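Chemist: partial complex here, more coming in a sec:
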Amino acid sequence: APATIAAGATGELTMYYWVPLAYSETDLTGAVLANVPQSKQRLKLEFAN
């Protein structure tokens, strides 16, 4: 992100989030079985305004 957007300028931002389900890549505590065709999942995301 730019540290300062001046009067009349445009800034480009980038951000990465890791939304965890399992605890780590070697500990599967919290992981989700998703081999079920009729049961959907859902990931709701609210963004800024």
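Modeler: Perfect, I can see it now. Numbering: from 1, shown residues only, chains lettered A, B, ... in the order given.
Chemist: quick check: the spatially most central residue of chain A vs residue A:1, distance?
Modeler: Of all residues in chain A, the one closest to the mean position by C-alpha atoms, centre = their mean is residue A:17, 4.2 Å from it. Using C-beta to C-beta, to the nearest Å, residue A:17 is found at 14 Å from residue A:1. Where you see a C-beta, it was placed from the backbone N, CA and C, and this is true even at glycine.
Chemist: most distant residue from the middle of chain A?
Modeler: Largest separation from the mean C-alpha position in chain A: residue A:7, at 30.8 Å (C-alpha atoms, centre = their mean).
Chemist: tell me the secondary structure for it?
Modeler: Under DSSP: H, G, I helix; E, B strand; the rest coil, residue A:7 falls in the coil class.
Chemist: could you pull up the residues touching residue A:34?
Modeler: Counting by C-beta atoms under 8 Å, 6 or more residues apart in numbering, residue A:34 makes contact with residue A:41.
Chemist: add chain B to the structure above:
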Amino acid sequence: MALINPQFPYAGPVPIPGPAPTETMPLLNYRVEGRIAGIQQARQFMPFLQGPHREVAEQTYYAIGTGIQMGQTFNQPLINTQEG
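Modeler: Adding chain B to the chains above:
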């Protein structure tokens, strides 16, 4: 394994203020019944094949035949009239 000081000994522990005795006793946490959700599919479209592979390639063959074998016009030798 401490040594008792005979000049300055001490007694056992005296009562002190306490930490509100029910607040050191926990509740027993109450599990409800659960379910691995959904109807599971029987098979998965796997990204790798599940069988063996071969390290080296071996040359295969198939038999073929030749053809109808014909006769020939040989160059024929001379007669052994004691020169040969």
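Chemist: for chain A, what are the nearby residues on chain B?
Modeler: B:36, B:37, B:38, B:39, B:40, B:41, B:44 (C-beta under 8 Å from any C-beta of the partner chain).
Chemist: so of those, which ones are in helices?
Modeler: Taking DSSP state H, every one of the residues of chain B next to chain A sits outside helices.
Chemist: ok, which pair from those residues is furthest apart?
Modeler: The span of the residues of chain B next to chain A, defined through C-beta to C-beta, is set by B:37 and B:44 at 17.9 Å.
Chemist: from chain B, which residue is nearest to chain A?
Modeler: residue B:38 (2.7 Å; C-beta to the nearest C-beta).
Chemist: go ahead and confirm that residue touches residue A:38.
Modeler: Yes: counting by C-beta atoms under 8 Å, residue B:38 does reach residue A:38; the two are 6.9 Å apart.
Chemist: all set now, cheers.
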